[PDB]
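Reviewing the structure listed below.
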Amino acid sequence: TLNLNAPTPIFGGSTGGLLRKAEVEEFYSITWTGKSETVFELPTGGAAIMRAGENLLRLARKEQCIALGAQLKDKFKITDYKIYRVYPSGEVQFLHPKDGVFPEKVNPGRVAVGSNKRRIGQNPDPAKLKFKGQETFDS
Amino acid sequence: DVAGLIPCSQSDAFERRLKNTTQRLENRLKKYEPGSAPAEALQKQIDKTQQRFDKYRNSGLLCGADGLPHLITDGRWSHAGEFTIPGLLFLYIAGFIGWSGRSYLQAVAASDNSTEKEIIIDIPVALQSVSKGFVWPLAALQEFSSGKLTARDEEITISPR
Amino acid sequence: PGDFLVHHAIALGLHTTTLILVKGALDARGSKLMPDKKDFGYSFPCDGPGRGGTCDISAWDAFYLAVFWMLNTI
Amino acid sequence: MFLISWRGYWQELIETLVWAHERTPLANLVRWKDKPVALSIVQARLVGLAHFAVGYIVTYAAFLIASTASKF
Amino acid sequence: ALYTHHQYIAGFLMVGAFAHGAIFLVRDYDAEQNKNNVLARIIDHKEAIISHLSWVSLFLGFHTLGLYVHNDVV
Amino acid sequence: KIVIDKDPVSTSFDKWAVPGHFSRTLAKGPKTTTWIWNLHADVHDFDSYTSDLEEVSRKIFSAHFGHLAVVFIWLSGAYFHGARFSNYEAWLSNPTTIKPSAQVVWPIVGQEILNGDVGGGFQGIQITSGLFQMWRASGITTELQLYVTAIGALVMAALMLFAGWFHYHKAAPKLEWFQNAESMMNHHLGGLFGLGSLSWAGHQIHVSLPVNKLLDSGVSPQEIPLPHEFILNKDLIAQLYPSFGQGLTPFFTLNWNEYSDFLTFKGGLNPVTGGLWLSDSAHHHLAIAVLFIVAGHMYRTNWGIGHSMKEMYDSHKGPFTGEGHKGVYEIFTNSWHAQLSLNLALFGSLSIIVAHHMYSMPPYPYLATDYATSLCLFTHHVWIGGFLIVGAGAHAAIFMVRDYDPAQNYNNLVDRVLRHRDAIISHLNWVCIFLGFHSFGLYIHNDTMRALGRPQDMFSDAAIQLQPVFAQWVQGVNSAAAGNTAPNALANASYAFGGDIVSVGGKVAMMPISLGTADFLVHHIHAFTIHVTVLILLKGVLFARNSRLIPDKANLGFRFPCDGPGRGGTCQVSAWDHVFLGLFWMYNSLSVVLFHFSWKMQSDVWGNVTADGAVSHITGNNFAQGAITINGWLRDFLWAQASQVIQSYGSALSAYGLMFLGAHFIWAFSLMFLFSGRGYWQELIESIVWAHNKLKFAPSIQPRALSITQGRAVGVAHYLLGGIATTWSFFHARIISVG
Amino acid sequence: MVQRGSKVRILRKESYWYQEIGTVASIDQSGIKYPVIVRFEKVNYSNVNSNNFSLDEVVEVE
Amino acid sequence: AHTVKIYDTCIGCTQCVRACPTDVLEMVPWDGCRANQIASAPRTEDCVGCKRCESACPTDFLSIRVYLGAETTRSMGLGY
Ligand code: CLA
Ligand code: CLA
Ligand code: CLA
Ligand code: CLA
Ligand SMILES: CC1=C(/C=C/C(C)=C/C=C/C(C)=C/C=C/C=C(C)/C=C/C=C(C)/C=C/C2=C(C)CCCC2(C)C)C(C)(C)CCC1
Ligand code: SF4
Ligand code: SF4
Ligand code: SF4
């Protein structure tokens, strides 16, 4: 659940962020709780301020909501962040952490999508799938 | 008389260089003092062109219609000093540079840590390694017949196919 | 004498131009820097900054360098 | 230009041009149907080499013909 | 004009010949139907051929360029 | 306060056997061959390994002393070769005909034609560095004085190198001493810059001014008295400009107008020598002395008074700037890279001003009419000047990745520049393209209307005129200032704005450089290529931390080759590649500035003047109707004026013709690296290290390809070396022949 | 059977170290596939020295 | 979108998962020993093809491989 509107950090700036794509297709958002009043470099320019919060910030893409968390957790020791991807104009809320736990850690119940049960020289040759719709690297 | 060149001891072509070398420098020497320090740099200079030309008149060089000694490598023994004898002088020194690092990189790679020993050039190994490189026209002949010069093609790393 | 040197330059050019094309072709299916090259086809950008760097690793890129040599030879 | 300067430089520059377009009145009104992006890595090699090759010929063709047509 | 035109084309064709050849090696060459024939026996020792081809380019270039520069200074 | 650590590191030759002892990963040994290139890049990259802000500074304070030494070694090399291997003593007898010659060649395998008939009784290479006119200005008459300077420099060369040992290996200062910028500006303005020109005023009045006023009369180099004799003898000096009989007593009753004879405001060219009146430069450096000394009592120290810079930046903030310069003082005490970038920009930009102010106000006697030298100090300092600005763009970007802190810099000016960085770049992007169309496209218009035979349609003086009215009003008001707004000046600031011509010998020292339609057309090309070189360099600094494309470019470092072929491709996203890219554009920016300068002088300004009174210039006023098209730029400048560099064979210029081919070679070699990539040249090692494994002698350090950045860096380093040394050889073997 | 401390050759043809000598480090004596940890004298492109191989992928040059 | 395949040579080191800038990969429980883990690509529609992942696999020849495929707005990283 997004809780829009959650109070954005007090910013005022940035020509570089959330332009006309966000008002036709698929903008993003990230939620976390700031445990001080510390300052951080945005992916747009640098500062916002972390509130007590309820701290939400409509970023541009997926890569900026992932690279913010790898900057948040190292500098400010906060591993509570909860990214999104929006309602009507977007696709799936709560894109990370998809399991509730961080998917760099291992967890029971996940699916092994995109596993090839071989080695890569053990892939078939593209001389062998001539005019055949089977993908060379696919099981 | 192999590619249409006179042996240029008789040529009017090689000799029409000598006058306009020595007339260019005498006209560079005319306005000097005869007891100056550049003057011996312009009297000995024409002598440096004089020892050169009287080394070329005697060696049997084939000079064309230009006056330039051209070289003939089909190698006959009549023109063997042009390329062939500086060829054998090249190859004997080239294997000395060839076998020295070849005998070094066999002698440091057969040690503990040769990755350092490419940085440090070990005189306990390098003077030991040119001692193997001095018998290089004899050592490699008994290294190929004993097979320890090359290796079989499953020792050498093969890129995939 | 002039014709001698140039004739060896063209030979130098003909040998170097075929070299680039043959190395590209004979290593097209794979090399140590990219063992599975054949799985990506004739033309792909590269393989990222990993393994030291792989820019201009495709056979297409190999042909591309040899083109420069072709203009030079002719 | 295409052979020495590579994609990243241009793609980041293009983004500032996209930004500028979207924020300038009397231009905002119109929109591209295809989003602008920098040429690909392989494309640039091809476009650069093609320019390099056409220039090579047209320089030599212009020179060869003109040089002989005055002196023969 | 007649010599240059046809000579530049010839250089393009030959480089192009190796280009479509490299596409064959990545998309059509099957090693599982090419075992010990003239083709597959060559690319067996693929690293040998390229290494020798590399030398000839190096050999030709170093000396021919060397003579021109030698001539140039004198 | 001066606080010191005493001998933190002693004198050991033991660490000399371990290369990479400064670092961590390289004090273990090489496993590939790139470890050599991994080493030799980040040697003098001092914060790459060191974390200690105090210890990283002590290395820099030491290494500057060593760089102070190597100039002094190089200075003595000029001063030593000026005595033994020069025709300097002969050149003071006759400054007009004999060319300045040093670097005599040894009599060996054919380079002894480079010791050509230069003049005097001498044989050597004609040099163009202007040390002869810098020693004639300094007052040097005998050749002994050039010798004792060299040892006098060599002892200072040794004293500087010992001082770098003394201040790191013996007495290392601390960071609270380093951070005292206000006391540092007080001394560097006071001691270095105040007493710099005062001491040179102390030289030039008592030493240079007598013996250079005599050589304008030109009695003899031998019959001029020695420079110490003008302090001993009170009567000998006061023969000329006789105020020394009054002594220091007008200077000490504030009746300073009694020195209206040597400390003056003449302000022209000395018409016998073509240089600036050394009386004026004595009054110049005296006014520079008092201006810089009172500039140095400004900042705060341990005596209460002064301006403190942390107080000045705060309360310099306005409504369009938020916090203003809050924290910007805290940057320049906490980051060497932020200091080096600003120190570099105004150091290169300073030297381009030196190149401009030296050909239009020639400071030296017989440097103006010697066209071999008056060109070559323009184009050298311009060339140095562009390389430092690219270095200013580099370390500005290095500040952004590694030293910039958004914690301290909230809502201040680095914050508000980064928070509008698209509006900067995209308006800069527009004015780049606007300038390229309306400057370079005015040549392509001018190319076609001459090709189509329509000279009524081109942009010329006898055509659609593009008149530089602002540069003609500025050239007007500066040429009509001696007497209206600068009354005490006799003639103007220069003869480049307006006025009569001046001749020395039979050659023109200076004449008014005129600006017409062809000069408007080239000055906007300069404005175009400078704005692009800004645009490459500015984008590298601003997007150094992040962009829209990559949000963590700050994590990947300053110098990383790409982020891979993702997002369509991210090849050259790093700030280092922007500095790599701007290097060719600075090569393009400056080489057209030189092509503007070296052609405008030969056709319009330099030349031989009749004894009737008119001037026939060298390339013959072709810059008006020839310089407006590229074909005129190609024929009448590049093709025509290179006729002497490729016909240099068999003469004493024949080393230049080899380099003019030799730099054409290296420039071609650089194309191999820029046009290629790594993953081709790596797999050619795999077939070749197969062959070196084949004969059982393979190196344990296994070879790899060069890194992509090193492939990029060697591609630009050979490009510039191939491109500038072509221009170095072209400019030499042109102006030595026709000047 | 291959034990620790043995010199091998490489039949993994998709590798950099293919048909080169490796001095192994350990065998994982449980059922996890590719257990032969083979250290090498030479380092690869991405700076690793050791790799998991199969027991069907290592030889006994000894 | 790009195709991301994970081969059976994975040693469950987790380096790859922590390298992806758009969180395309995750570690999942392996059944061949029920103690180690293998990487998986459940969100290949977000793979930009940066190849940061392959630069993190320690094994001599990749356990995770990125084969560039159909390009899309998401994969091109467009904020516009
Ligand atoms: C004569 C026989 C022949 C045939 C039937 C083909 C056919 C093909 N080639 Mg091959 N090839 C050939 C000769 C041939 N080529 C030659 C002579 C070369 C060397 C130049 C090549 C090198 C080559 C490579 C490296 C590749 C192909 C590819 C292809 C395929 C797609 C081409 C394409 O659409 O890319 C796009 C086509 C272009 C970009 C061509 C436009 C370039 C223009 C003509 C340049 C002219 C400059 C400018 C427009 C001039 C303006 C005027 C100026 C004078 C002022 C197609 C199967 C590709 C493939 O993948 O095959 C499966 C591929 O990668 N070709
Ligand atoms: C004002 C003086 C100054 C100082 C103290 C520095 C200091 C530094 N620079 Mg900066 N910079 C400067 C000016 C300066 N620079 C200028 C003038 C330029 C424009 C070229 C730059 C552009 C620049 C770039 C692009 C980079 C640096 C980097 C660095 C850092 C490491 C450099 C190193 O260790 O190289 C060691 C020395 C070498 C590698 C020498 C190799 C040869 C060079 C490349 C060319 C020499 C050509 C030669 C003179 C021509 C004759 C040829 C003949 C010898 C055959 C170090 C902090 C690097 C960095 O990463 O900072 C964090 C970096 O990437 N600088
Ligand atoms: C204030 C600026 C300034 C200017 C214009 C001059 C001008 C001159 N100097 Mg002098 N000098 C100065 C200060 C200056 N000096 C200082 C501060 C020192 C101590 C480092 C010296 C030490 C010195 C020596 C040892 C010698 C000279 C000589 C000369 C003459 C030769 C040409 C030249 O140097 O290029 C002109 C240089 C510039 C145009 C750049 C000025 C650089 C300073 C640092 C600028 C300071 C900034 C200033 C406040 C604002 C101006 C900004 C910009 C417009 C420059 C010329 C009259 C030579 C001579 O005697 O000739 C007969 C000579 O041998 N100077
Ligand atoms: C001579 C070759 C050449 C040319 C023409 C260009 C052109 C350009 N460069 Mg490039 N560059 C070059 C070499 C060249 N570069 C090289 C070798 C490098 C490697 C170092 C680069 C690296 C580089 C970088 C790093 C950058 C540029 C940028 C630019 C653009 C600058 C803005 C501008 O002037 O727009 C106006 C365009 C022109 C002046 C081009 C000529 C157009 C003519 C005069 C008018 C057209 C006539 C007619 C209407 C054409 C169509 C006819 C037809 C339809 C019938 C411009 C397109 C910059 C940029 O993109 O800034 C926005 C930039 O940042 N270049
Ligand atoms: C002159 C004469 C003669 C001689 C003749 C001869 C003997 C010749 C030779 C010639 C020859 C001997 C030829 C050759 C050429 C060849 C070429 C033309 C090449 C090409 C090739 C290719 C192209 C290849 C490629 C590839 C690869 C590598 C892989 C797979 C695929 C392919 C196949 C593509 C006689 C005696 C009669 C007499 C007189 C005259
Ligand atoms: S080095 Fe450049 S071209 Fe090669 S993969 Fe990386 S970004 Fe692409
Ligand atoms: S894919 Fe690579 S990084 Fe990920 S677990 Fe397997 S070996 Fe480790
Ligand atoms: S290619 Fe890049 S974005 Fe895709 S999974 Fe690998 S590291 Fe992540």
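Throughout, read-outs are computed from the coordinates displayed, never taken from laboratory work. Cβ placement follows ideal geometry from the backbone for every residue including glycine, while neighbour counts extend to all protein chains displayed.
Filter the range F:684-710 down to the residues that are more than 8 Å from chain B (Cβ to nearest Cβ), buried (at least 18 other Cβ atoms within 10 Å of the Cβ) and not in a helix (DSSP H, G or I) and list them by number.
F:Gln702, F:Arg704, F:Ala705, F:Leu706, F:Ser707
Return the residues of the range A:116-131 that are more than 14 Å from chain G (Cβ to nearest Cβ) and over 14 Å from C:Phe40 (Cα atoms); say none if nothing qualifies.
Scanning the range A:116-131 gives A:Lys128, A:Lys130, A:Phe131.
Consider only pairs whose beta carbons are under 6 Å apart and that are at least six residues apart or on different chains; among these, list those whose first residue lies in the range F:425-441 and is within 12 Å of another protein chain (Cβ to nearest Cβ) and in a helix (DSSP H, G or I) and whose second residue is away from ligand 5 (no atom under 16 Å from the Cβ) and hydroxyl-bearing (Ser, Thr, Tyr).
F:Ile425/D:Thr16; F:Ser426/D:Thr16
The conditions are (1) surrounded by fewer than 17 Cβ atoms within 10 Å (Cβ to Cβ); (2) not in a helix (DSSP H, G or I), and F:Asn631 fails exactly one of them. Which is it?
Failing condition for F:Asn631: (2).
Just checking, which of H:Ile64, H:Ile11 is in contact with a strand residue (DSSP E or B) (Cβ under 6 Å, 6 or more places away or on another chain) and away from ligand 4 (no atom under 16 Å from the Cβ)?
Values: H:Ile11 fails: in contact with a strand residue (DSSP E or B) (Cβ under 6 Å, 6 or more places away or on another chain).
Going through H:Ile64, H:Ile11 in turn, just one is in contact with a strand residue (DSSP E or B) (Cβ under 6 Å, 6 or more places away or on another chain) and away from ligand 4 (no atom under 16 Å from the Cβ): H:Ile64.
For residues that are outside any loop (DSSP other than H, G, I, E, B) and in contact (Cβ under 8 Å) with a residue 12 or more places away in the chain, scanning just the range F:410-422, find the one that is surrounded by the most Cβ atoms within 10 Å (Cβ to Cβ). Explain how you work it out, then say what you get.
So in the range F:410-422, the residues outside any loop (DSSP other than H, G, I, E, B) come out as F:413-418, F:421-422.
After this cut, where a residue has to be in contact (Cβ under 8 Å) with a residue 12 or more places away in the chain as well, the list is F:413-418, F:421.
Values: F:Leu413: 19, F:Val414: 22, F:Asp415: 23, F:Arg416: 19, F:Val417: 14, F:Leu418: 28, F:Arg421: 23.
Among those that are outside any loop (DSSP other than H, G, I, E, B) and in contact (Cβ under 8 Å) with a residue 12 or more places away in the chain, it is F:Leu418.
Could you tell me whether F:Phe378 is under 30 Å from F:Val272 (Cβ atoms), of a type in the set (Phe, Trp, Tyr) and surrounded by 19 or more Cβ atoms within 10 Å (Cβ to Cβ)? Outline the logic, then answer.
Numbers: under 30 Å from F:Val272 (Cβ atoms): yes; of a type in the set (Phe, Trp, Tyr): yes; surrounded by 19 or more Cβ atoms within 10 Å (Cβ to Cβ): yes.
Here the answer is yes, as F:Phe378 does meet what is asked.
Spot the failing condition for F:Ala652; the list is (1) buried (at least 20 other Cβ atoms within 10 Å of the Cβ); (2) under 30 Å from D:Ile41 (Cα atoms), and only one is missed.
The single condition F:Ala652 does not satisfy is (2).
Enumerate the helices (runs of 4 or more DSSP H) found wholly within chain E, keeping only those where 3 or more residues are more than 23 Å from C:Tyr42 (Cβ to Cβ) and more than 8 Å from every other protein chain (Cβ to nearest Cβ). Working first, answer last.
Details: elements: E:2-27, E:38-44, E:46-73.
Where helices (runs of 4 or more DSSP H) fall fully within chain E and carry at least 3 residues being more than 23 Å from C:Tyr42 (Cβ to Cβ) and more than 8 Å from every other protein chain (Cβ to nearest Cβ), they are E:2-27, E:46-73.
Results for (1) within 16 Å of ligand 3 (Cβ to nearest atom); (2) crowded, with 22+ Cβ neighbours inside 10 Å, shown as yes or no for each residue.
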position	(1), (2)
F:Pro362	yes, yes
F:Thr369	no, yes
F:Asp403	no, no
F:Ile424	no, no
F:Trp430	no, no
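Considering only the range A:34-42, I want to know if a residue exists there that is touching a residue at least 24 places away in the same chain (Cβ under 8 Å) and closer than 17 Å to F:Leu549 by Cβ.
So the first thing to find is which residues in the range A:34-42 are touching a residue at least 24 places away in the same chain (Cβ under 8 Å), and the list is A:34-36, A:38, A:40-42.
Filter once more, so that each one left must be closer than 17 Å to F:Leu549 by Cβ: A:41-42.
Yes, the conditions are met somewhere in the range A:34-42.
Does F:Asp235 count as touching a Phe, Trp or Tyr at 6+ places or on another chain (Cβ under 7 Å), closer than 30 Å to F:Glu143 by Cα, of a type in the set (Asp, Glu) and outside any loop (DSSP other than H, G, I, E, B)? Quick ask: steps written out before the conclusion?
Values: touching a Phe, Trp or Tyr at 6+ places or on another chain (Cβ under 7 Å): no; closer than 30 Å to F:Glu143 by Cα: yes; of a type in the set (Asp, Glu): yes; outside any loop (DSSP other than H, G, I, E, B): yes.
No.
Mind telling me which of the residues F:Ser603, F:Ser616, F:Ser598 ends up being more than 25 Å from F:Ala713 (Cβ to Cβ), under 20 Å from the mean Cα position of the chain (by Cα) and either assigned to a helix (DSSP H, G or I) or not charged (D, E, K, R) (or both)?
On the way: F:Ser603 fails: under 20 Å from the mean Cα position of the chain (by Cα); F:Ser616 fails: under 20 Å from the mean Cα position of the chain (by Cα).
Of the residues listed, the single one that is more than 25 Å from F:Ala713 (Cβ to Cβ), under 20 Å from the mean Cα position of the chain (by Cα) and either assigned to a helix (DSSP H, G or I) or not charged (D, E, K, R) (or both) is F:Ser598.
Can you tell which of B:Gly87, B:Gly67, B:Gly4 is out of contact with any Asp or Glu (no Cβ under 9 Å at 6 or more places or on another chain) and either surrounded by 14 or more Cβ atoms within 10 Å (Cβ to Cβ) or part of a helix (DSSP H, G or I) (or both)? Even if it seems obvious, please write down each step before you answer.
On the way: B:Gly67 fails: out of contact with any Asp or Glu (no Cβ under 9 Å at 6 or more places or on another chain); B:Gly4 fails: either surrounded by 14 or more Cβ atoms within 10 Å (Cβ to Cβ) or part of a helix (DSSP H, G or I) (or both).
From the options B:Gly87, B:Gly67, B:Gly4, the qualifying one is B:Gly87.
Can you go through A:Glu26, A:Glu37 and tell me which one is part of a loop (DSSP other than H, G, I, E, B) and within 16 Å of A:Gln64 (Cβ to Cβ)?
Details: A:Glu37 fails: within 16 Å of A:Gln64 (Cβ to Cβ).
After applying the criteria, what remains is A:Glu26.
Could you list, in sequence order, the residues of the range A:41-68 that are within 11 Å of chain F (Cβ to nearest Cβ) and either in contact with a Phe, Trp or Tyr (Cβ under 7 Å, 6 or more places away or on another chain) or part of a helix (DSSP H, G or I) (or both)? Reasoning before the result, please.
We begin by selecting, within the range A:41-68, every residue within 11 Å of chain F (Cβ to nearest Cβ); these are A:41-49, A:59-68.
Within the range A:41-68, A:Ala47, A:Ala48, A:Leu59, A:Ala60, A:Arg61, A:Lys62, A:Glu63, A:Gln64, A:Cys65, A:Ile66, A:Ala67, A:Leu68 qualify.
Report yes if some residue within the range F:13-20 is in contact with a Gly (Cβ under 7 Å, 6 or more places away or on another chain) and part of a loop (DSSP other than H, G, I, E, B); otherwise report no.
Taking the range F:13-20 as the starting set, the residues that turn out to be in contact with a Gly (Cβ under 7 Å, 6 or more places away or on another chain) are none.
Looking through the range F:13-20, none of the residues is in contact with a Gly (Cβ under 7 Å, 6 or more places away or on another chain) and part of a loop (DSSP other than H, G, I, E, B).
Pick from the range H:51-77 the residues that are among the hydroxyl-bearing types (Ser, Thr, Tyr) and under 12 Å from H:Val4 (Cβ atoms): which of them is farthest from ligand 3 (Cβ to nearest atom)?
Filtering the range H:51-77 down to residues among the hydroxyl-bearing types (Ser, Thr, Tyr) leaves H:55, H:59, H:63, H:67, H:72-73, H:75.
Narrowing the set further to residues that are under 12 Å from H:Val4 (Cβ atoms) leaves H:63, H:67, H:75.
Numbers: H:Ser63: 61, H:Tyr67: 59, H:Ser75: 52 Å.
If we take residues in the range H:51-77 being among the hydroxyl-bearing types (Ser, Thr, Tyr) and under 12 Å from H:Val4 (Cβ atoms), then H:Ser63 is farthest from ligand 3 (Cβ to nearest atom).
Here are some conditions: (1) in a loop (DSSP other than H, G, I, E, B); (2) facing another protein chain (nearest Cβ under 8 Å). F:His578 meets all but one. Which one does it not meet?
All conditions are met except number (1).
Condition first: surrounded by 14 or more Cβ atoms within 10 Å (Cβ to Cβ) and not basic (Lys, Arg). Now tell me which residues in the range B:90-103 satisfy that.
The first filter runs over the range B:90-103 and keeps only residues surrounded by 14 or more Cβ atoms within 10 Å (Cβ to Cβ), leaving B:95-96, B:98-103.
Result: B:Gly95, B:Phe96, B:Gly98, B:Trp99, B:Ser100, B:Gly101, B:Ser103.
From the list C:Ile10, C:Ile20, C:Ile74, exactly one residue is under 30 Å from B:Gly4 (Cβ atoms) and not aromatic (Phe, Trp, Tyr). Which is it? Don't jump to the end; show me each part of the working.
Details: C:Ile20 fails: under 30 Å from B:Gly4 (Cβ atoms); C:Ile74 fails: under 30 Å from B:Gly4 (Cβ atoms).
Being under 30 Å from B:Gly4 (Cβ atoms) and not aromatic (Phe, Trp, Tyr) holds for just one of C:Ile10, C:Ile20, C:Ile74, which is C:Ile10.
Only one of these is surrounded by 21 or more Cβ atoms within 10 Å (Cβ to Cβ), closer than 29 Å to H:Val4 by Cβ, touching a residue at least 40 places away in the same chain (Cβ under 8 Å) and at the interface with another protein chain (Cβ under 7 Å from one of its Cβ atoms): C:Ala62, C:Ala66. Name it. Explain how you work it out, then say what you get.
Numbers: C:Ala66 fails: closer than 29 Å to H:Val4 by Cβ.
None of the others qualify; the one that does is C:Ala62.
So that you can scan it fast, the table gives a plain yes or no per residue for (1) surrounded by 13 or more Cβ atoms within 10 Å (Cβ to Cβ); (2) outside any helix (DSSP H, G or I):
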position: D:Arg31; (1), (2): no, yes
position: D:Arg45; (1), (2): yes, no
position: D:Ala50; (1), (2): no, no
position: D:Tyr56; (1), (2): yes, no
position: D:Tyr60; (1), (2): yes, no
position: D:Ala69; (1), (2): no, no
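Taking only pairs six or more apart or across chains, which ones have beta-carbon atoms under 8 Å, a first residue in the range F:543-556 that is more than 8 Å from chain A (Cβ to nearest Cβ) and among the hydrophobic types (A, V, I, L, M, F, W, C), and a second residue that is in a loop (DSSP other than H, G, I, E, B) and surrounded by fewer than 24 Cβ atoms within 10 Å (Cβ to Cβ)?
What qualifies is F:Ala544/F:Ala554; F:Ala544/F:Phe558.
Between C:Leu19, C:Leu26, C:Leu14, C:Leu33, which is in contact with a helix residue (DSSP H, G or I) (Cβ under 7 Å, 6 or more places away or on another chain), within 12 Å of chain F (Cβ to nearest Cβ), among the hydrophobic types (A, V, I, L, M, F, W, C) and under 13 Å from E:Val15 (Cα atoms)? Before you say what the answer is, go through the steps one by one.
Working: C:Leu26 fails: under 13 Å from E:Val15 (Cα atoms); C:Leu14 fails: within 12 Å of chain F (Cβ to nearest Cβ); C:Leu33 fails: under 13 Å from E:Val15 (Cα atoms).
Every option except C:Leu19 fails the conditions.
Name every residue in the range D:18-34 that is within 19 Å of H:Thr72 (Cβ to Cβ) and within 11 Å of chain F (Cβ to nearest Cβ), in order of residue number. So that I can check it myself, show each step before the final result.
From the range D:18-34, those within 19 Å of H:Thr72 (Cβ to Cβ) are D:18, D:32-34; that's our starting set.
Listed by number, the list holds a single entry, D:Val18.
If E:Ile9 satisfies every condition in (1) closer than 22 Å to C:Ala28 by Cα; (2) among the aliphatic types (A, V, I, L, M); (3) loosely packed, with under 13 Cβ neighbours inside 10 Å but one, which is the exception?
Going through the list (1) closer than 22 Å to C:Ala28 by Cα; (2) among the aliphatic types (A, V, I, L, M); (3) loosely packed, with under 13 Cβ neighbours inside 10 Å, E:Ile9 breaks only (1).
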